[PDB]
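All remarks here apply to the structure that follows.
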Amino acid sequence: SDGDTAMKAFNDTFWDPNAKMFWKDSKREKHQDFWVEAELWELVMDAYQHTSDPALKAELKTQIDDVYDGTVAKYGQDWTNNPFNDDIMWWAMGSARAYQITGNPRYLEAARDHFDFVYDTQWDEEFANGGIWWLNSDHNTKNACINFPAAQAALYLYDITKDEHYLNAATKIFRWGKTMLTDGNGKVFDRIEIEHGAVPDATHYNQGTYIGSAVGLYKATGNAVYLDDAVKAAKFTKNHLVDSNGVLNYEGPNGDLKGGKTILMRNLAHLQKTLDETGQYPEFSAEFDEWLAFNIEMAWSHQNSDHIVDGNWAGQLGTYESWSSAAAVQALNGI
Ligand SMILES: *[C@]1(OC[C@@H]2[C@@H](O)[C@H](O)[C@H](O)[C@H]3O[C@@H]23)O[C@H](CO[C@H]2O[C@H](CO)[C@@H](O)[C@H](O)[C@@H]2O)[C@@H](O)[C@H](O)[C@@H]1O
């Protein structure tokens, strides 16, 4: 469908061309959190790939560079002092994508140096036979929100570099996460803690990065089991993390989860594209396409007069937030 109207509205409402960052909300008092800015960077990249408007395309090309420059101006070039390994990995993954799109070597160095720091210092086999720690300050839990994004980042690095080290990393992370952070049936657990074990709370963004890593590992290897793993996690999402009418849930008020549909929709588009160009899971592909279209139309129907959609897609039409509002824009820029 049209993703151009939604992307331009999002930029008009939230982009700060002075700081080269998105505002956190329409009160324009604070810029977006560090990790979420990486996900809005990926949204700009997805809209760049989706649009057929050469004017908007050229604007988004410049914006891909600006989002990086604005974050580096505030946080510096070296993010390895951030205690959240997931914050570092969201940026390493965005930087890998920026290189795939542009070939600007600065984005390969940012991706590789941040990925290497996390994988080389935060992968551990002492606890639970594998997995990356959530934090580099304290080691108490290993989480879906670092492990699956790390597998995805390693798969982008393998595509760019052809260095089998990165496919090895992706495979080891994903196999460990499938074993320790899922039920084997498509449900992705939040985390596994040293004292209390697995925490089997499922969320949009952890289903999403699991599906994206499984699809990426299917594309790298040709092994149909990884695509089956992705389809099971997609089916779980469609059958559990929805309301009684099939609309994806609103996961607020938690600020990190409120915009999680953005990451889910990005990765569900990857799966849709792979099913469409392979003839895999034909009955599911048709039902998946109908359910995605239903959700995207519900989101479209929830737009305000400025073409901004808050994250409560099933609810009635205040201050708008860039992370909650990103999910509809992503949904309309599927690649
Ligand atoms: C903790 O994570 C917050 C965020 C991440 O969302 C993000 O990856 C970011 O880069 C880094 O700053 C951290 O909270 C997340 C949400 O926790 C709540 O929901 C879950 C799922 O229902 C629940 O299990 C928790 O108890 C919280 O109620 C969580 O997804 C992360 O794993 C971290 O625990």
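Both counts, for ligands and for their atoms, begin at 1 and track the order of listing. Worth knowing before you read on, the calculation uses all heavy atoms, side chains too, and leaves out hydrogens, waters and symmetry mates. Along the sequence shown, residues are numbered consecutively beginning with 1.
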Practice task
Specify the protein heavy atom at minimum distance from atom 25 (C) of ligand 1: its residue, its atom name, and the distance to 0.1 Å.
Solution key: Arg191 NH1, 3.7 Å

Fill in the blank from the handout: If you scan protein heavy atoms around atom 32 (O) of ligand 1, the nearest is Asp190 OD2, 2.6 Å

Practice task
State whether the number of non-hydrogen atoms from other residues, nucleotides or ligands found under 6.0 Å of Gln77 atom CD is greater than 12.
Solution key: no

Exercise for the section: Please check if the side chain of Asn136 supplies one atom and the backbone of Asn82 the other of a donor-acceptor pair under 3.5 Å. Expected result: yes

Practice task
Answer with yes or no whether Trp134 contacts ligand 1, where contact means a heavy atom under 4.0 Å from a ligand atom.
Solution key: yes

Problem - Protein contact for atom 27 (C) of ligand 1 (heavy atom, distance under 4.0 Å) - result: no

Handout entry: Near-ring test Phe22/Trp15, centroid separation under 6.0 angstrom
Key = yes

Practice task
Output the list of atoms in ligand 1 that are nearer than 4.0 Å to some heavy atom of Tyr205, sorted by atom number.
Solution key: 5 (C), 6 (O), 8 (O), 15 (C), 29 (C), 30 (O), 31 (C)

Handout entry: For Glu321, the option from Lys258, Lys24, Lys30 that meets salt bridge (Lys or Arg N to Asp or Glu O under 4.0 Å)
Key = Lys258

Exercise for the section: State the NZ-CG distance between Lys8 and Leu60, to the nearest 0.5 angstrom. Expected result: 10.0 Å

Handout entry: Heavy-atom protein contact below 4.0 Å for atom 14 (O) of ligand 1
Key = no

Practice task
Would you verify whether the NZ or CZ of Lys142 falls within 45 degrees of the ring axis of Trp133 while also being under 6.0 Å from that six-membered ring's centre?
Solution key: yes

Completion exercise
Note: heavy atom closest to atom 12 (O) of ligand 1, options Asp201, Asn143, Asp86, belongs to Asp86

Handout entry: Atoms in ligand 1 with a heavy atom of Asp87 nearer than 4.0 Å
Key = 9 (C), 10 (O), 11 (C), 12 (O)

Practice task
Answer with side chain, backbone, both or neither: which part of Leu257 has a heavy atom less than 4.0 angstrom from an atom of ligand 1?
Solution key: side chain

Exercise for the section: Specify the protein heavy atom at minimum distance from atom 17 (O) of ligand 1: its residue, its atom name, and the distance to 0.1 Å. Expected result: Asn254 ND2, 4.3 Å

Fill in the blank from the handout: Quick note on ligand 1: atoms under 4.0 Å from a heavy atom of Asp256 include exactly 3 (C), 4 (C), 6 (O)

Exercise for the section: May I ask you to say whether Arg97 pairs ionically with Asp46, meaning some side-chain N is under 4.0 Å from a carboxylate O? Expected result: yes

Practice task
Working to the nearest 0.5 Å, report the span between NE2 of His139 and CZ of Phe127.
Solution key: 12.0 Å

